[PDB]
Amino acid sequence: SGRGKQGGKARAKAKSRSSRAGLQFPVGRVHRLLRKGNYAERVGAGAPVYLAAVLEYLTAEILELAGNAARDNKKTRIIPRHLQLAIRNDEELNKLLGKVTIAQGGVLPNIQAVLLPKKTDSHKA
């Protein structure tokens, strides 16, 4: 009630579940999203810890690749295009998101070889 207390100590107060699990992603939210999502009558304590880890991990994987595509384009800010390039250029992320479309992501530069110009000449072209 009010400001609070001259606390901010360091020794025996609460410890977030994320912190307890060494995660940036929110364990408490994942747990809540799991119970509310009607997935099973019950959700064990480890479930959200494990799921938050996998989600944090995957976003870590995608951000690493997208950040690089940003760098390759001489940009500082990841935009949707970067996310696409990183997803389509990585086989696994591409298979994981094979049925997904990234708005404003475009496609990968790719021209079927027979379409390329045939070194001038006659004969065929």
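Start at 1 with the first residue shown and count on from there.
Comparing 89 to 97 with 24 to 32, the higher mean C-alpha B-factor in the PDB entry belongs to 24 to 32. Set 59 to 67 against 72 to 80 and average the Cα temperature factors; 72 to 80 ends up higher. Ranked by Cα temperature factor within the chain, residue 112 sits in the middle third according to the deposited record. The PDB entry assigns residue 37 a C-alpha temperature factor belonging to the highest third of its chain's modelled residues.
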